[PDB]
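Q: So I've got this experimental structure, pasted below with the sequence.
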Amino acid sequence: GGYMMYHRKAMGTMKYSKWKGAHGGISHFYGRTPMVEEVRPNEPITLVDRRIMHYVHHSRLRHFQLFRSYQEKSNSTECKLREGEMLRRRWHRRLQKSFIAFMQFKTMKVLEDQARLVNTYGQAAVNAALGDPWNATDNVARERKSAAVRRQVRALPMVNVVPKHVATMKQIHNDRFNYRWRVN
Amino acid sequence: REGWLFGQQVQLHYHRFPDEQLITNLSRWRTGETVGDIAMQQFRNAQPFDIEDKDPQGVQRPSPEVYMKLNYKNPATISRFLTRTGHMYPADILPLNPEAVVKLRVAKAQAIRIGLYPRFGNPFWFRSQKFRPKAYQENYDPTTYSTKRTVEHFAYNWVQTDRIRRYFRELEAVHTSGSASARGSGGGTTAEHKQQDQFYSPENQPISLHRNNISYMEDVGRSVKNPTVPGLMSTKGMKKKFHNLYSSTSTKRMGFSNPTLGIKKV
Amino acid sequence: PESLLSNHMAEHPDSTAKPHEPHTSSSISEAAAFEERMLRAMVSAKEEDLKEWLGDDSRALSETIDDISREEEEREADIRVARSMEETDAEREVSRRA
Amino acid sequence: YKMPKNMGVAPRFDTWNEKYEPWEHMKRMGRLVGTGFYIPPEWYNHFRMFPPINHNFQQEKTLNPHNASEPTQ
Amino acid sequence: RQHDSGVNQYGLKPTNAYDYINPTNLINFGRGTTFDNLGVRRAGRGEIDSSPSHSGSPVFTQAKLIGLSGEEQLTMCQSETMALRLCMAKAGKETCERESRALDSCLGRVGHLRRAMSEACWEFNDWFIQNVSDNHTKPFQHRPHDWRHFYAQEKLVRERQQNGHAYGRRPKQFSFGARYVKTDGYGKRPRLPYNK
Amino acid sequence: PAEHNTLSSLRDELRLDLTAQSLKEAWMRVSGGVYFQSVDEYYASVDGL
Amino acid sequence: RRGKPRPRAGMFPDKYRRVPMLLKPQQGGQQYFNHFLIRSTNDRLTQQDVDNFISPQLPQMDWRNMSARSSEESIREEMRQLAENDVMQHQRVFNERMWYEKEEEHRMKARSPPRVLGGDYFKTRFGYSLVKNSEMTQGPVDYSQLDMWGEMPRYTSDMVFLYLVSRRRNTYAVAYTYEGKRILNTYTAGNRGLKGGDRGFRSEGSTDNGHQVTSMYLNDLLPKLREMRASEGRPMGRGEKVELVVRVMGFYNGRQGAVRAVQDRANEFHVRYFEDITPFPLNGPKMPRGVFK
Amino acid sequence: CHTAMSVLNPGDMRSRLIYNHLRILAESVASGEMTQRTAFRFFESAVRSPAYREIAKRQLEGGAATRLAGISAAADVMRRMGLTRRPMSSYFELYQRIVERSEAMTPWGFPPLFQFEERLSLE
Amino acid sequence: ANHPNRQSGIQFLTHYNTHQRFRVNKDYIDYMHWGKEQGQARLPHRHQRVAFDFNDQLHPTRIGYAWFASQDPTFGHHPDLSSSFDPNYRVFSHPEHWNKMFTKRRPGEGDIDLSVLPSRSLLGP
RNA sequence: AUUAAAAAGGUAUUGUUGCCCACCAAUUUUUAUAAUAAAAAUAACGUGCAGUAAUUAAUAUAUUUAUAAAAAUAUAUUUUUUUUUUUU
RNA sequence: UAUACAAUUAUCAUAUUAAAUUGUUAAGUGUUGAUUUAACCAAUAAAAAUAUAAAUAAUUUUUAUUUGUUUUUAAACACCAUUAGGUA
Ligand SMILES: [Mg+2]
Ligand SMILES: [Mg+2]
Ligand SMILES: [Mg+2]
Ligand SMILES: [Mg+2]
Ligand SMILES: [Mg+2]
Ligand SMILES: [Mg+2]
Ligand SMILES: [Mg+2]
Ligand SMILES: [Mg+2]
Ligand SMILES: [Mg+2]
Ligand SMILES: [Mg+2]
Ligand SMILES: [Mg+2]
Ligand SMILES: [Mg+2]
Ligand SMILES: [Mg+2]
Ligand SMILES: [Mg+2]
């Protein structure tokens, strides 16, 4: 029978089944395409893919799509799950702020420590320890140091991990990325 | 009793009173250690950042001009408020003045049915990045819910301290040992030190203190990788058993055994 | 117009059309325009810096990415599953009667 | 039905202050000493003539954060 | 005196009438319990019932905060390891130990960095216990039923719009394409419940 | 803090006055990296002076 | 011991616990210590033979320079100097990053009366108050920041569209001519064997299956492509790549591996555009009912 | 320590009035005649001077006085009362306990429940 | 009262037409976003209070300094004279103004009346 | 030369070898007698295993189904256990 | 046998000052086939997005009006039965 595109049985391969829509070039997906990336010359498409997937996963879009596209759930269970999600979020936010309000204190104590180092060894000395080019006679030394800093600052492409999808038996959640039990 | 922000039972601060740096450091102060002291100056009255959302739900976002273009005919300005898929952000992620939300969902609707915006996807996604506050990991915004960035800067500054410490331990080391190139037999040596300390010991010049040393080094050339022919016993055809392998006794005192460990899948 | 020419040509090749260029107008001299050229090339330079470094050669990068994906695959395979995933229906029914 | 662990020993968050407030001890001790059968402790011998401040009220009884309750703090 | 006012000789000192009928509550709060451990309901650390609480739900994610041992965990050195990996993959004729030296330097520092972060985090656990945590004494805020009153306020509104009638009522879900499959004269969109 | 040069380097010219700061930067230039916690530590290093 | 596993080595008390620390290892050879000491000492003297700030400064003789500092010119100068440094510094200790930015800007800059409008004038201009605060660039605005199709794919009559669809228990790949004609059939994780009567369903839609399938498909895809091109007279004899658009569906494990099997073909296939078409359900017909709801 | 460091603006602590308040309350915390909480709330609620806040606007900006008078008085009281067998110990301990707390995050604020004796306590 | 929708309590000290706060059909309160400055979310807002504390300020008299000429020349703006003070001021409450009940609570959804918050659009001016 | 700690439910009450649920016989007693009346006491026999987050979580309404607890579906819901993107 | 509810906050069935109601959009063919499922069996598969303001407060609507059951499958999903169909 007619299935939607995100349906389980959507694109079937069988003797009866035949795919629907213009399937190439200007296609069935014409204005329905969620992402587009022009591949930068000499860039493997694996970085492209892992960037896309990290994006979708961190913003909880792949969560949503997996969730809704597998089973039906009544508007009550959907509400319960979404608002539960959002309230757990709220709680953990109010935890993060506490942690952060402490870590800014820690960072302060560190900077203070740095001040005490300053008036033990004198300011200029401390600056020397931190990579100040006081030994730079001419610009060529400067350009060596700054060439070093350039070769550091240039960012090698980050390969960001995407948690695998866990296929369980009757699939209570197809959002399952871990083996922990969940409240449905 | 609860503070509003994270529910703290106190009001946050670092210092309060005018005297505390003095009184804490008092012996140093009479001594006169504290004269050029920049630690008792810089941080003396230093207080915590304001970590607060002045807009918990932004009535500020967007600034006024933007509203003009939140209509159906500005695909770009629609796009700066969506995800890269075109969906809206949940309220507690990207908060918007309710006017903007109305105008925006209406806009995307209209634009879609007129063919001026795609049913999925954000066509302006890259162009719009200027308008979003992309936050560099190198700057620090005192207000973030990012717990990573905070600890990153903590790391950074602490390591900036460690650098100093290491610089000045290797310096004084270099001068204690370089004094020997300055004075060979000049002085600093006791007769009793000649008795006790001139013998080999673990602090002086031990042989090696650890198992698996390197003995018998030679210049011989590398061999061909995998010179060894596979054994006659097939490791491939054997199946690995973990849980039931040995016999165990359960320390479970009372109650039914947890159904998630065993008796569940997978 | 130049943004659309690729797809127009790809859909109906037989169709003949020209890339349409706006009528040009110059502010000041060719000097201020050459300075506009320096500005656009400089912005393309800060953006050429910021965009991606991508090392040097492609295949040498792809090898690394695929390697670390593999290592993550086999550090994953060592995680404990849940009891329910692991056991058959046999022992489920056994524990049920029990 | 799961509940936060220590709810058994949970303090009364409105009234747990009352017990400790200076006026209460002033009154109680006041009618204890009045009996003639109790030797007054010395703090009473003192605050007898310097009774504590009137209008300092807790935030528990008055639910106002903006009320500046104490002349001191 | 020699110890706490909330704890007498035989256990927690029983103030409310619940303690006198149920005096198991005085001497046993769990399997992390000791006798000095009464009245301090949280037990030691690394110990059973040592976890601090935030608005009643316990804090079991601490390491995940400072980014030690988490999936989202903070990584110190990336550029190095990538650089070195690139070196290994490119060619075998030239071998660069320069990269491996920059990297092993990086690691050598990383160790002390991590011990520092851990120490600072334990100080955070201490501070959080002193000045924030309620010690599991307040009602959970983190699940929707705890907020029932909030939702009630919304149901009430949709009722007063309906002439103060249908509480908890919602529009009948129609069909995937109810609007275009129905003939003139039948409702093509879901109405307010009172409007039925 | 006031009148405190925050960016000062060792190739900066020596300040004229005697302050813990000026003297410590000076000493860094003269002795190299020799630094002692207190005066009796210096008298320790010179041994009998 | 008995029907139970042996303890790990670290669970036994130390094997040498009864041997004193001076015995492990023995420091023998003490006889030689003194010898080498003398030796080294001797060598030091040898190394001198190869090879081989307390300038009294009187404070009275400086006086001329001090008198130079009593002049109000030099004090005007120290005033200007100290008033320029008195603005609040945000710098604190020396920073590498900011130094680098500073000097990079110095390299970039080395490579490099009319009546004041009063408050009343800006009282009368409503526009100006809105220009000062506006986000909108004033001047000629770049057109590439307007047009809809600026950031979007640009196709060609010769392009091949590769479909990688990752499903939950399955993965498959297909390829299509730009004009929509199907090239090769759909190679599927269950079509290639690789699926049934086997290890389990858990691993059926896994990464490595997607890889097996895609890498099996491309292998069979090249020759048929060269035949379909030989039919219209496009030889593509040598030194050519197929310009490919990879369209990926599904957010399932089998996706990762799939694209990897494209990336190792980079010497044959050239990917211009990577765009994923993944259906999103705003709402629609009911999905099949699961267990709980 | 609490009376010294935990109270913004406890008047001028050298004056014989407030000084006597503190003295009496101290002798009442020793010898167990009062709870610590009760004696603290007694101290901060004690009678000082009419229009107290508005005289406080003529000295303090944010209402935080200087802490020297507090510590000198608090040591004085322990000396004049016979609190310790050896005289110095009073001053030393009162000083030391403050110096250690100086390093703590939000050092001079306290949660009201844990600040003093209550049913549930800290370890 | 443990019944939901009865949580707002019995307050007499409000200005509404019932002493039972939870039968009042005018202002429905918001338990999640309210009560930063007022303490509990039940209690009346700073500007609507009909009962006043000892050490707390009472309402500002609205103006809508010239008239202090006889006073201390330095005396600044009197703390109780305000330019904008509205005893009738609608505070944004989600369950009233943004009501997500008839929806699945997805990001854009819920019905909104804009008559509450003053328009920050540039369209008006 | 391949390690463990910290969050959790009980209709039981020395506590799962714990309790309980309906039909299926006798009898007792009131009545507003619907396949075979209804309701209440009740300690047999025989089915099972419905419930105590309890072997596909429960609860309420709705509709269907039926040896018996009950089960299927449509909605609301926690007297069910939680897992937490402030524009990437 | 007679011999003193509450009226400041009490969850199952006696509602009541309220602004709604109406919108014609989307989606579909290339070709030789193991899709879905823990597992069975029937067997073309794609899809249906836009509205605020405004309506005045109370005093005789209680036989009135009102609280998710709905024509059209020659349109599907979904659900129920099991290849015959029901329902949607
Ligand atoms: Mg059919
Ligand atoms: Mg339960
Ligand atoms: Mg318990
Ligand atoms: Mg416990
Ligand atoms: Mg009868
Ligand atoms: Mg009967
Ligand atoms: Mg059962
Ligand atoms: Mg059941
Ligand atoms: Mg059950
Ligand atoms: Mg039920
Ligand atoms: Mg049955
Ligand atoms: Mg039922
Ligand atoms: Mg059910
Ligand atoms: Mg009734």
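A: Sure, I can see it. Numbers count the residues shown, from 1 in each chain, chains lettered A, B, ... in the order given. Ligands and ions are numbered 1, 2, ... in the order given.
Q: When you work out contacts or count neighbours from here on, use the C-alpha atoms and nothing else.
A: Noted.
Q: Helix or strand: which one has residue 67?
A: In the absence of a named chain, chain A is used. helix A:61-70 (DSSP states H and E).
Q: hm, I was asking about chain G
A: helix G:63-68.
Q: Alpha carbons of the next helix-or-strand element following that helix, as PDB, please.
A: Next helix or strand after helix G:63-68 toward the C-terminus (DSSP H and E): helix G:72-84. C-alpha atoms of helix G:72-84 as PDB (Å, rounded to 0.1, in the frame of the first residue of the first chain):
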ATOM      1  CA  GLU G  72      59.300  70.400  33.000                       C
ATOM      2  CA  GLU G  73      59.700  69.200  29.400                       C
ATOM      3  CA  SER G  74      60.700  65.700  30.600                       C
ATOM      4  CA  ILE G  75      58.000  65.700  33.300                       C
ATOM      5  CA  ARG G  76      55.400  66.900  30.700                       C
ATOM      6  CA  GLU G  77      56.600  63.800  28.900                       C
ATOM      7  CA  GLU G  78      56.300  61.400  31.800                       C
ATOM      8  CA  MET G  79      52.900  62.900  32.500                       C
ATOM      9  CA  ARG G  80      51.700  62.200  28.900                       C
ATOM     10  CA  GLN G  81      53.300  58.800  29.200                       C
ATOM     11  CA  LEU G  82      51.700  57.900  32.500                       C
ATOM     12  CA  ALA G  83      48.300  59.300  31.500                       C
ATOM     13  CA  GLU G  84      48.300  57.100  28.300                       C
END
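Q: what residues does the stretch 51-200 of chain B put near RNA strand J?
A: B:53, B:56-57, B:80-81, B:83-84, B:89-90, B:92-95, B:132-135, B:144-146 (CA under 7 Å from any atom of the strand).
Q: Please list only the buried members of these.
A: B:57, B:80-81, B:83-84, B:89, B:95, B:144-145 (16 or more other CA atoms under 10 Å in any protein chain shown).
Q: close to chain A, is the longest helix that chain G contains?
A: When chain G is parsed with DSSP state H, its longest helix is helix G:207-232. No. Helix G:207-232 is not in contact with chain A by CA under 8 Å from any CA of the partner chain; minimum separation 9.2 Å.
Q: For chain D, give the residue positioned nearest to chain I.
A: Per CA to the nearest CA, residue D:67 is where chain D lies closest to chain I, at 4.6 Å.
Q: Quick check, that residue in contact with residue I:53.
A: Yes. Look at residue D:67 against residue I:53 with CA atoms under 8 Å: they come within range, at 6.5 Å.
Q: what are the phi and psi angles of residue G:265?
A: phi -100, psi 10 (degrees, to the nearest 10).
Q: Please apply the same query to residue E:12.
A: According to degrees, to the nearest 10, residue E:12 has phi -60, psi 130.
Q: excluding its backbone neighbours, what's nearest it?
A: In this structure, residue E:12 finds its nearest non-sequential neighbour in residue E:26, 4.8 Å apart by CA to CA, 6 or more residues apart in numbering or on different chains.
Q: Please report the number of neighbouring residues for residue B:46.
A: Using other CA atoms under 10 Å in any protein chain shown, residue B:46 has 13 neighbouring residues.
Q: How about residue B:58?
A: With other CA under 10 Å as criterion, residue B:58 counts 16.
Q: List the backbone torsions phi and psi for residue A:72.
A: Dihedral angles (degrees, to the nearest 10) for residue A:72: phi -80, psi 140.
Q: From what I see, it and residue G:290 are in contact.
A: Yes. The criterion here is CA under 8 Å, and residue A:72 meets it with residue G:290 at 6.9 Å.
Q: Neighbour count: these two, which is higher?
A: residue A:72 (19 against 14).
Q: list the contacts for the more buried one?
A: Contact analysis of residue A:72 by CA atoms under 8 Å, 6 or more residues apart in numbering or on different chains lists G:286-290, G:293.
Q: gap between the residue of chain D closest to chain I and chain E?
A: 23 Å (CA to the nearest CA, to the nearest Å).
Q: Smallest distance to RNA strand J belongs to which residue of chain C?
A: Closest residue of chain C to RNA strand J, CA to the nearest atom of the strand: residue C:96 (3.9 Å).
Q: what do you get for chain H?
A: For chain H, CA to the nearest atom of the strand, closest residue to RNA strand J: residue H:123, 15.6 Å.
Q: Contacts only, for that residue.
A: E:37, E:40, E:44 are the contacts of residue H:123 under CA under 8 Å, 6+ apart.
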